[PDB]
Amino acid sequence: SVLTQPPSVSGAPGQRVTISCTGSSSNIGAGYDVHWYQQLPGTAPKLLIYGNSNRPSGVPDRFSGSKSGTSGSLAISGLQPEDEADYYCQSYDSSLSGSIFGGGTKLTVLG
Amino acid sequence: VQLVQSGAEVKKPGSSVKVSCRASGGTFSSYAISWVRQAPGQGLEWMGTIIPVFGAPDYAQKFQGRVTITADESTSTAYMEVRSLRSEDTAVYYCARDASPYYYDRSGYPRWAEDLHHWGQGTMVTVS
Amino acid sequence: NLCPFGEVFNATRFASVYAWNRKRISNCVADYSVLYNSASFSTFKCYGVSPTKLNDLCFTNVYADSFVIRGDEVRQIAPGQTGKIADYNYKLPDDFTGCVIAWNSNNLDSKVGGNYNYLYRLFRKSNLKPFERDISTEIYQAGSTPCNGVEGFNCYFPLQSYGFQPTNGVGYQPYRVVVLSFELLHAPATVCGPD
Ligand SMILES: *[C@@H]1O[C@H](CO)[C@@H](O)[C@H](O)[C@H]1NC(C)=O
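Chains as they are written, first to last, in the deposited numbering: chain L, 4 to 114; chain H, 20 to 147; chain A, 334 to 528.
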């Protein structure tokens, strides 16, 4: 039903890591945008990307994102131990009459 | 713009819970307020949205009927009630808000954006 | 006399976003029903006022602002938003009463090998105020010593080109944008909708 997303990803310090999120004929296939959030433990979520590829002011410049086909993607670059968090995607669904969220992705640094 | 939120809850099954949120440092009335839930170790869930100047909420189909949402112009505050509680209602509840006011489309209907730019500190609710 | 919206929406060329254009509309009747019924627009949104009411309302002045941006960047043209365009190229006030209108211009504004004539400002020492504009191409300096107008590490040229090729994805294709702003004071109305 909701946006499909992998449970975890990992990479070495200074590398790139890519997280993927995929929809249906509803939501991302209907031409709606995708937005991305970060959550640290014991703490409320934080916005990273809006409008497929717009990055807020005060988000660092390693984070990039895009939408294509029935999918969207987040790229983390120049990876650091500070980037260990759980990442969520969101899109609107005209068949739910509201927002839908992905299952989350725990990033881990390889050490 | 900073959200501030109610303290935690402990209740028996078949009881009801009240949750509340307050805005500060800007205009309350023209902005959508949304309620989100997160069960322990699990992904986010959207419950419903209100714009204070129109007063009538949108609800998600799972939560409609057990949940109702409301807001006050005079106190810059939004509220939610969950009813007929069960053990799986044990979760953290957040208020969240849009960075832009509502807008009118080409047919004059009020609309809001799904981005959650601002978030409240969260309320832990627990059901025995 | 009707207002000259054909000089705004049907011009041949548009400004780069860092050096955006403004036009004043006054002493005329504004048939806004021409705009909100049109199929030409890929995005149309109004703030403070509903489109159908613009036919009834009257204003001391009206202003139309015009520029080209990427298809993804349109979301940065709204009250309360932040980003490279919103902070350093074009800023809307929190009180904005008006409409934002945009459409895909790929066949007009792209070329084979890329159209590099369209620029935006990538660097600036501080954020814009609402409806601020600038032109000066002085080197952005952030190094341990002054840059003296010479390019290098933390000595950057402040502007960057878009480079629109004809075949890139819809978020990278060029979009033309018009922002309409409505102004009312104790001084008499000079624009009204038809009746
Ligand atoms: C722009 O030109 C088209 C084609 O002539 C016309 O249908 C449209 O109404 C014009 N729009 C404006 C605002 O001038």
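Ideal Cβ placement from N, Cα and C applies to all residues, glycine included.
Residues near residue i by beta carbon distance below 6 Å, same chain, minus five either side
i: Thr7 of chain L; result: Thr25
i: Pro527 of chain A; result: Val362, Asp364
i: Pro384 of chain A; result: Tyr369
i: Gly54 of chain L; result: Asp36
i: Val433 of chain A; result: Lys378, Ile410, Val512
i: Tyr489 of chain A; result: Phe456, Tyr473
i: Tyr98 of chain H; result: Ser39, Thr89
i: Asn360 of chain A; result: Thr523
Cutoff 8 Å; reference residue i; Cβ partners in own chain excluding five residues on either side
i: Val112 of chain L; result: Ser13, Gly14, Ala15, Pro16, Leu82, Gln83, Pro84, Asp86, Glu87
i: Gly482 of chain A; result: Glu471, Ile472
i: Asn450 of chain A; result: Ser349, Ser494
i: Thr21 of chain L; result: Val12, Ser76, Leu77, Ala78, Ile79
Partners in chain L for residue i, counting only beta-carbon separations shorter than 9 Å
i: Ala42 of chain H; result: Ordered by position in chain L, no residue passes the 9 Å Cβ test against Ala42 of chain H, which lies about 16 Å from the chain.
i: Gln493 of chain A; result: Within 9 Å Cβ-Cβ: nothing; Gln493 of chain A doesn't reach chain L, min ~14 Å.
i: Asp77 of chain H; result: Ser100, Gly101
i: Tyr113 of chain H; result: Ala47, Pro48
i: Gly502 of chain A; result: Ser69, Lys70, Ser71
beta-carbon residue i near ligand 3 non-hydrogen atom, thresh 8 Å
i: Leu390 of chain A; result: Inclusion of ligand 3 in the displayed structure is not the case, the ligand content consisting of ligand 1 alone.
Distance between residue j and residue i (C-alpha atoms, nearest Å)
i: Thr430 of chain A; j: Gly485 of chain A; result: 43 Å
i: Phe66 of chain L; j: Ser23 of chain L; result: 13 Å
i: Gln24 of chain H; j: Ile52 of chain L; result: 25 Å
i: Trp54 of chain H; j: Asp124 of chain H; result: 24 Å
i: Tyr95 of chain L; j: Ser102 of chain L; result: 5 Å
i: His136 of chain H; j: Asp442 of chain A; result: 33 Å
i: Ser366 of chain A; j: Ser95 of chain H; result: 37 Å
i: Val86 of chain H; j: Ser60 of chain L; result: 35 Å
i: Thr345 of chain A; j: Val20 of chain H; result: 42 Å
i: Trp436 of chain A; j: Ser375 of chain A; result: 5 Å
i: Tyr40 of chain L; j: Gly447 of chain A; result: 34 Å
i: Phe47 of chain H; j: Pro71 of chain H; result: 8 Å
Supposed close pair residue i, residue j - CB separation, criterion 8 Å
i: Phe456 of chain A; j: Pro491 of chain A; result: 4 Å
i: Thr89 of chain H; j: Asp77 of chain H; result: Their Cβ separation, rounded to whole angstroms, is 13 Å, which puts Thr89 of chain H and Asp77 of chain H out of contact at 8 Å.
i: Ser29 of chain L; j: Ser97 of chain L; result: 6 Å
i: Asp134 of chain H; j: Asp117 of chain H; result: 7 Å
i: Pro48 of chain L; j: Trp138 of chain H; result: 6 Å
i: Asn487 of chain A; j: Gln474 of chain A; result: 7 Å
Beta-carbon proximity list for residue i, same chain, < 7 Å, skipping 5 on both sides
i: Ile402 of chain A; result: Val350, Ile418, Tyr508, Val510
i: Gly44 of chain H; result: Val20, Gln21
i: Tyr121 of chain H; result: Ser49, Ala51, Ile70, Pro129, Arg130, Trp131
Boundaries (first-last residue) of the beta strand (DSSP E) holding residue i
i: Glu465 of chain A; result: Counting along the chain, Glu465 of chain A falls outside any beta strand (DSSP E), and DSSP gives it neither H nor E.
i: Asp96 of chain L; result: 89-96
i: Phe342 of chain A; result: Counting along the chain, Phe342 of chain A falls outside any beta strand (DSSP E), though it belongs to the alpha helix (DSSP H) covering 339-342.
i: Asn354 of chain A; result: 354-358
i: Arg116 of chain H; result: 110-116
i: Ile88 of chain H; result: 86-91
i: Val112 of chain L; result: 108-112
Where the alpha helix (DSSP H) through residue i begins and ends
i: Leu368 of chain A; result: 366-369
i: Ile418 of chain A; result: 417-421
i: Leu441 of chain A; result: 439-442
Beta-carbon neighbours of residue i, restricted to chain H and to distances below 7 Å
i: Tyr90 of chain L; result: Those within 7 Å of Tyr90 of chain L in chain H number zero; the least Cβ separation is about 11 Å.
i: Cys379 of chain A; result: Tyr122, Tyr123
i: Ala411 of chain A; result: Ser119
i: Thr430 of chain A; result: The contacting residues do not exist; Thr430 of chain A stays about 11 Å from chain H at best.
i: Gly107 of chain L; result: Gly62
Under 9 Å by beta carbon: chain H residues contacting residue i
i: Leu43 of chain L; result: Going along chain H, no residue has its Cβ under 9 Å from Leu43 of chain L, so there is no contact; the nearest lies around 12 Å.
Within chain L, partners of residue i - CB distance below 8 Å
i: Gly416 of chain A; result: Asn57, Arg58, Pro59, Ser60
Contacts of residue i in chain H (Cβ-Cβ under 8 Å)
i: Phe104 of chain L; result: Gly62, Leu63, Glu64, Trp65
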